[PDB]
Structures are given as C-alpha cells and as structure tokens.
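Next up: a single chain in structure tokens, the form deposited without its partner chain.
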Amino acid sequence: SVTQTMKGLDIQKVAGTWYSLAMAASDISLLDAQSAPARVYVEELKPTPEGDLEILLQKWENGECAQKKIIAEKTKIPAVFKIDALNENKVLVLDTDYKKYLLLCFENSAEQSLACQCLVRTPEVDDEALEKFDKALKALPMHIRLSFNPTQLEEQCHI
C-alpha cells in the first residue's frame, strides 16, 4: 500500500507530453499480455483549471492500439486523485521534477491491484529516474516490472 507521496505538488506543472518508460504491478496478470488490464501507455497529462487531472493514454484492446481519455478528480490531498468507476481508484503522485520524470501509481480496493509507472519527458532511458522508481517500489508488493527501449517508446502501444 502506497505511503509515498510528493509533498508540495504543483499539478499544473505536470502538464504535457509523457512517456511510460517502465511499469510495475502487484500481480503478473496485470501486465503480462499485450492487452493486460494495467498495460496502459501515457501520452499526455492535462490538468484542468479546477485542478482535476485528465489522462490521455493508449491501450491495446481486441487486436489494436486504441486511444482513451480518463479523468481523475482532485481530492483534499494535492498528490491524490480519484477515478470513480466500478471501484474507488486512486492515482497517487509519488515524486516528480516536472521537467524530466514523474512517478505515479494507480490502486484500487479489493486483494488490492496496484500498478506504478516511471514517466519521462523524452524517448530516452533515464537511469536516475529508474533508480528513483526502483527505490519507491522496494516498499510495495510488486511481482512484475517491464521497461521500454527508445524505439518502442516512439511506437503506438510501444510495439
């Protein structure tokens, strides 16, 4: 369970282009296949004026790379947003420098499905951002991790 958040977060400053450089999850089944439920590739983060967080992403669904937009609503905690659905889902922002890397996790309640990503601003392998990611995950019950190469990061659905 995630007890690492970004103190002092300014969300407006996370807007723009992102790349899902690596991903990790609590169960193998969340990331194993091409259409696994947590295999989501972030494209853009779009904070709303009201301080909500629109997420633009790609997902492989029935043989193809589909585009999706979801909205995570603000909460009392600056680093935590809620996607109301069949479940209470939370987006947690763990850490960021705004200009290079952002670590975030998604979690529901059930047991608890948890997936986290290291997002970066450019199609480049950032070893320092990846160290910070592994550091964060040491405290979490993860059983699968994937990372993409720069070629893949320029393809839809990282193919």
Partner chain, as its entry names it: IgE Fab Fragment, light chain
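Residue numbers count along the first chain shown, from 1.
Omitted here: the form solved in complex with its partner chain. The next part is about that form.
**Prompt:** Is there a non-hydrogen atom of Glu44 within 4.5 angstroms of a non-hydrogen atom of its partner chain in the entry with it bound?
**Reply:** Yes, contact at 4.5 Å.
**4.5 angstroms heavy atom contact with its partner chain in the entry with it bound for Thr3** = Heavy-atom contact with its partner chain at 4.5 Å: absent for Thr3.
**Prompt:** Using heavy atoms and a 4.5 Å limit, would one call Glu54 a contact residue for its partner chain in the entry with it bound?
**Reply:** Contact check for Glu54: yes, within 4.5 Å of its partner chain in the entry with it bound.
**Asked** Is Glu128 close enough to touch its partner chain in the entry with it bound, meaning at least one heavy atom pair within 4.5 Å?
**Response** Outside the cut-off, so no.
**Asked** Within 63-90, which residues come within 4.5 Å of its partner chain in the entry with it bound, counting heavy atoms only?
**Response** Stretch hits, in order: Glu64, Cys65, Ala66, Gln67, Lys69.
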